[PDB]
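Student: how would this look folded up:
(3 chains, ligands or ions: 5)
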Amino acid sequence: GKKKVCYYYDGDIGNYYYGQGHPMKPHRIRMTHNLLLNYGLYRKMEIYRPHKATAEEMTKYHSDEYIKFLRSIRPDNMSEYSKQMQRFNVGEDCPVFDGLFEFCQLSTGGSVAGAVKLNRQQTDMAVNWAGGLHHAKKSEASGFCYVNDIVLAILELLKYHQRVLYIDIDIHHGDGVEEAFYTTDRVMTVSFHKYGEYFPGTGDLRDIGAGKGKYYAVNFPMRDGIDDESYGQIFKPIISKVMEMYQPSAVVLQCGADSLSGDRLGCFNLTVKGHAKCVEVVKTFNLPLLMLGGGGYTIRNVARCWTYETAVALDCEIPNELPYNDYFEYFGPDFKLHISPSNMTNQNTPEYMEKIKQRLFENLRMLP
Amino acid sequence: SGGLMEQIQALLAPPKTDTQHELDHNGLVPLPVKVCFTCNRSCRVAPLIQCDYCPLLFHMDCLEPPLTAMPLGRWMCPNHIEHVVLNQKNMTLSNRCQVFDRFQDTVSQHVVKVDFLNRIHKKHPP
Amino acid sequence: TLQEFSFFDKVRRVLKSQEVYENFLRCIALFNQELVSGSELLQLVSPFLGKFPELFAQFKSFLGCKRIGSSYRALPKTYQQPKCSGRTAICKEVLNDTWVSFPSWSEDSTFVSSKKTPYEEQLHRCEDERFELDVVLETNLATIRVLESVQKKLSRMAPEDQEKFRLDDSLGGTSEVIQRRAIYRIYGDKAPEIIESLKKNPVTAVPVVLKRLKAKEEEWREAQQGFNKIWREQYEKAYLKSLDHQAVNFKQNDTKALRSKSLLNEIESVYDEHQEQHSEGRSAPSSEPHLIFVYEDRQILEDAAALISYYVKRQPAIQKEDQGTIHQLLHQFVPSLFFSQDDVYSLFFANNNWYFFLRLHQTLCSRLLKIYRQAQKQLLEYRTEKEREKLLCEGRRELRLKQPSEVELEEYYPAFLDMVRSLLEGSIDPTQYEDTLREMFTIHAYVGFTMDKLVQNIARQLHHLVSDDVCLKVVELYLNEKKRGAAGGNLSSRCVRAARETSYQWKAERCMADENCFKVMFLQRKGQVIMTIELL
Ligand SMILES: [Ca+2]
Ligand SMILES: [Ca+2]
Ligand SMILES: [Zn+2]
Ligand SMILES: [Zn+2]
Ligand SMILES: [Zn+2]
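Tutor: Numbering: from 1, shown residues only, chains lettered A, B, ... in the order given. Ligands and ions are numbered 1, 2, ... in the order given. I have put the structure below:
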């Protein structure tokens, strides 16, 4: 049925500048919000301003030294932290820009507030598109991410929920979140990703966990050019089996949009409808769900995808015609909500997918 | 090659101050052909990867579990013995190599191997 | 006994090599030294004999720091784990502490030319260019709003208190960086003096900063309007070409893939694979065809015949008698072979040229069917989308371009045929033809990019099919044998006429004893026609 959801947006998130020519652009969130305003989706949704997360909240998973470095480093004093900058992997790939700590605070606070809201049972759906940074490690920055807010949100969720299930449909492997919970059975991480000469280079079929957390981490490696039909054919049965064996109490869904066709860094061939089919499938199971952002580097497609999933989570149907908005010219020349795929070859043959699915099923049957 | 970036960055500027198992060159299945060990099909259906220890060609999908990407280095086919040696991962490769070379000088041994096979084969031990 | 000798005989015969066989012998010898248990022995021998159930059953009867995964390493035990201040009980009991993964690559890698077309990079560059200007503009506008709000607050209080009002480094906003960033961008090196003036004496300094910011905002807005005008008709020129990932590859790949030698190799390789399988003795019946293709519509057949006739009727080097002969071959004999004039089959014995012609004709028919199906799908999707979007309350459930009418959507396919005819005549340029096809069929248009050449190829075959006595003798032999009914007939009567069919094949062998002989079976089923070709 129709249910109450919480939305987290801070007006200042769109202004933070990663640098010239850097694929990561917070501006996308702003455009997404703008689209939500011009479809009239603010009336059926509750919008909150996320509180900034204190460094004490972040040190629940990150070391105090790394957080102190993040809070201290500025573009005008890069000379006095060079060694530290080498140590914490802050530099070329993850640059130091103006107000990066405030960006991390807002992104983390949105997801932490959503997790607290879900714990208090004041809602069964919280959305934070500023979140979804899953590559950050305990004491280092990786993959354009500085603070791992997914781990902090799950740590907040664990205070009331015995089992938390995390699902990752970003094209990259969520190594930070999987590594944070590699040896525990209270969190199982499902990741669908491209594998083979690709960042971060982890997430093999045989990475199934360690110690007490064995068989509680599943990875589906893929090839170039997966499309909507294959993704739908292999996502629904695997998630159904995971939910029937694991029986979780809360779900955290990472909705990274770099797995769509035409992405500046991705290789897949999904569309907005096929991407949001996963949201529909997850929502079918009626669990406290926390939807997060993530990757996505073709800015217009990110806006389209995230506004469509926000509409889907509200059980609201929106017209295929884009309404007039502040960033309308981004969406030319068609000005449609849905996107068309390319005709790139799908290298994932049916036998490959069947074999990987069978291996995953046999791995899942071993849970107690 | 007219890009607008220069004009925008100037407009916003602060004031500041002063071999044989592959398709031919034109693209053709070479003849005579060599086939996959699992399906007995050539490179036309899919590219073949060649084991560098034994002359066994394989398909990336015909393996179990299938390879996701091309192996960049030296790859080991699933039809060798070093896999059971890999069960114990503590020992290094030099001892494994010396153990293998312990049987690399009398490679035929056909009489003695059939003899050992029948010697074990007896149901009632001697 | 001799059973063991027979077992070893068949295994070294089936392994087809000495090295794999010797690896098997090494396995059994390592077992013989009592280092291998029986179950472990069979699990090691499974790779060698996993595809011969008989051999596997016979062998079973005869028998009667640490590292995990692939990318995780154990942390040192004597490693000073970085202390954390917020660790609660769940933090200690849940968080991983012993295994680490090392990221092997870096994002933004060398992917520029890996898989993207040249027309995606232009779109990416235009998008970036848009983003840089937009982010500067919106930072300026947010700072303008913040200063307007603080000025409105200031104007409402007592004049003796205004000189006592001050601002912090957030400058009235919720961020300590953004407002200073905007002021720095506006003022260059003089930014710190203006910032100190704003913090110390807001009353006199706010309006002048607001005026400067507003003037810069207006100038940047008009510049952005001009840049928006320029950025358009680059998206228009790049979008449809960015989604078509195969045209550049497809043109050359298809211009090669249709040569006679390539078609011959495509079946010779399959014949060699089957011969090797027969040599190894694997369980495969010796009656399956080497290649199988499907025709799914007769209308596509007469459309293709009409296209080929249209091209051939405008040929200067083909004489009127040859035009009539090709007409009889194309509109009479070929439909008879496909039985246009269940379980009813036709048998045909052909040389190289007829095999080439059949391959090319099947390719053309399949492509025409693909285009037709795409047009039908487009029309259906448009109608369904119209019906769906008509019934939409949108948010009540708590310029642009004019899409074509339905009539154009259903007339796309005849328009496509007219376009193919125009291209064949040479009245339309290949570039305009390709652009119209792309705008008509989006990402499935490339299927028709090299049709004319294909038709040309087919024409040549037809012409040669008249000039070579072997081909006319082949068709005459087929007709003479069909007059007896041995070549082709009902499926059940096969065993009734099988010996007679053998005679036909015999004659084929004595008519093309220096040339490849092809057995072609046309099987009709549920409105489709399956053409199965096997090389003798
Ligand atoms: Ca993933
Ligand atoms: Ca786990
Ligand atoms: Zn990603
Ligand atoms: Zn194979
Ligand atoms: Zn090998």
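Student: show me what contacts the residue of the stretch 201-350 of chain C found nearest ligand 4?
Tutor: Ligand 4 sits closest to residue C:273 of the stretch 201-350 of chain C, with a gap of 10.7 Å, by Cβ to the ion. (C-beta placed from N, C-alpha, C; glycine too.) Applying Cβ atoms under 8 Å, 6 or more residues apart in numbering or on different chains, we find residue C:273 in contact with B:33, B:35, B:40-42.
Student: can you rerun that using 10 Å?
Tutor: B:29, B:33, B:35-36, B:39-42, B:44-45, C:290 (Cβ atoms under 10 Å, 6 or more residues apart in numbering or on different chains).
Student: could you identify the most distant pair in those residues?
Tutor: B:36 and C:290 (17.6 Å; Cβ to Cβ).
Student: so between those two, which is more surrounded?
Tutor: residue B:36 (23 against 18; other Cβ atoms under 10 Å in any protein chain shown).
Student: would stretch C:232-244 count as contacting chain A?
Tutor: Yes: residues of stretch C:232-244 contacting chain A under Cβ under 10 Å from any Cβ of the partner chain: C:232-240, C:242-244.
Student: gap between the residue of the stretch 201-350 of chain C closest to ligand 4 and residue C:382?
Tutor: Note on residue C:273: its distance to residue C:382, by Cβ to Cβ, to the nearest Å, is 45 Å.
Student: from the contacts of residue C:273, pick the one nearest residue C:330.
Tutor: Using Cβ to Cβ, the contacts of residue C:273 come closest to residue C:330 at residue C:290, 25.9 Å.
Student: that closest one against residue C:267, yeah?
Tutor: Yes: assessed by Cβ atoms under 10 Å, residue C:290 is found in contact with residue C:267 at 5.7 Å.
Student: show me the strands in chain B, by range?
Tutor: B:48-50, B:57-59 (DSSP state E).
Student: which one, of those, ends up nearest to residue C:80?
Tutor: strand B:48-50 (44.3 Å).
Student: that closest one close to chain A?
Tutor: No: looking at strand B:48-50 against chain A by Cβ under 10 Å from any Cβ, there are no contacts, and the closest approach is 13.4 Å.
Student: what's the helix or strand for residue C:306?
Tutor: For residue C:306, the host element (DSSP states H and E) is helix C:298-313.
Student: check residue A:66 too.
Tutor: Per DSSP H and E: helix A:64-72 holds residue A:66.
Student: what residues of that helix count as buried?
Tutor: A:64-67, A:69-70 (16 or more other Cβ atoms under 10 Å in any protein chain shown).
Student: what of stretch C:144-152?
Tutor: C:144, C:146-147, C:150-151.
Student: identify the residues contacting the closest residue to residue A:187 other than its chain neighbours.
Tutor: Counting by Cβ to Cβ, 6 or more residues apart in numbering or on different chains, residue A:181 is the residue found nearest to residue A:187 once chain neighbours are left out, at 4.0 Å. For residue A:181, the contact set (Cβ under 10 Å, 6+ apart) comprises A:151, A:154-155, A:158, A:164, A:166, A:187-189, A:209, A:213, A:216-217, C:94-96.
Student: so which of those residues are in helices?
Tutor: If you go by DSSP state H, those have A:151, A:154-155, C:94 in helices.
Student: any idea which element residue C:185 lies in?
Tutor: helix C:178-187.
Student: phi, psi of the residue in the stretch 201-350 of chain A that ligand 2 sits nearest to?
Tutor: For the stretch 201-350 of chain A and ligand 2, the shortest gap (Cβ to the ion) falls at residue A:216, measuring 3.6 Å. Residue A:216 adopts backbone torsions of phi -120, psi 30, taken as degrees, to the nearest 10.
Student: what about the residue nearest to it when sequence neighbours are not counted, neighbour count?
Tutor: Nearest non-adjacent residue to residue A:216, counting by Cβ to Cβ, 6+ apart: residue A:188, 4.5 Å away. By the criterion of other Cβ under 10 Å, residue A:188 has 25 neighbours.
Student: same check, this time on residue A:193
Tutor: Counted with other Cβ under 10 Å, residue A:193 comes out at 24.
Student: so who does it touch?
Tutor: A:168-175, A:199-200, A:202-203, A:219-222, A:256, A:259, A:268.
Student: out of these, which sit inside helices?
Tutor: Using DSSP H, the contacts of residue A:193 in helices are residue A:175.
Student: circling back to that earlier point, overlap in contacts, residue C:290 and residue C:267.
Tutor: In contact with both residue C:290 and residue C:267: C:518, C:533-535, using Cβ under 10 Å, 6+ apart.
Student: just checking, residue C:270 touches residue C:535?
Tutor: Yes: with contact defined as Cβ under 10 Å, residue C:270 counts as touching residue C:535 (7.9 Å).
Student: which one of these two is surrounded by more residues?
Tutor: residue C:270 (21 against 18).
Student: next one: that one from residue C:78, what distance?
Tutor: Distance from residue C:270 to residue C:78, by Cβ to Cβ: 62 Å.
Student: report how many residues lie close to residue 17.
Tutor: Unless you meant another one, I'm taking chain A. 24.
Student: the chain in question should be chain C.
Tutor: 13.
Student: equivalent analysis for the one 10 residues further on, please.
Tutor: With neighbours defined by other Cβ under 10 Å, the count for residue C:27 comes to 20.
Student: how close does it get to residue C:49?
Tutor: Taking Cβ to Cβ, one finds residue C:27 at 11 Å from residue C:49.
Student: same question, residue A:183
Tutor: 39 Å.
Student: out of the strands of chain B, nearest to chain C?
Tutor: strand B:57-59 (11.1 Å; Cβ to the nearest Cβ).
Student: longest strand anywhere in chain A?
Tutor: Per DSSP E, chain A has its longest strand at strand A:187-194.
Student: SS state for the residue in the stretch 351-500 of chain C positioned nearest to ligand 5?
Tutor: Of all residues in the stretch 351-500 of chain C, residue C:359 sits closest to ligand 5, with a separation of 37.3 Å (Cβ to the ion). What DSSP: H, G, I helix; E, B strand; the rest coil gives for residue C:359 is helix.
Student: that one touches residue C:365, doesn't it?
Tutor: No: at 11.0 Å, residue C:359 and residue C:365 do not qualify as touching, with contact defined as Cβ under 10 Å.
Student: okay, these two: which has more neighbours?
Tutor: Per other Cβ under 10 Å, whichever of residue C:359 and residue C:365 has more neighbours is residue C:359, with 24 against 21.
Student: report the contact partners of that one.
Tutor: C:258, C:260, C:262-264, C:266-267, C:291, C:293, C:457-458, C:461, C:531, C:533.
Student: show me how far the host helix or strand of residue C:347 is from its chain's centre.
Tutor: Secondary structure from DSSP H and E places residue C:347 in strand C:344-350. On the basis of Cα atoms, centre = their mean, to the nearest Å, strand C:344-350 sits 35 Å off its chain's mean C-alpha point.
Student: nearest spatial neighbour of residue 63, chain-adjacent residues omitted?
Tutor: All of this is about chain A. With Cβ to Cβ, 6+ apart, the residue lying closest to residue A:63 is residue C:82, at 3.6 Å.
Student: ah, no, chain C please
Tutor: Residue C:63 sits nearest to residue C:38 (Cβ to Cβ, 6+ apart), 5.7 Å away.
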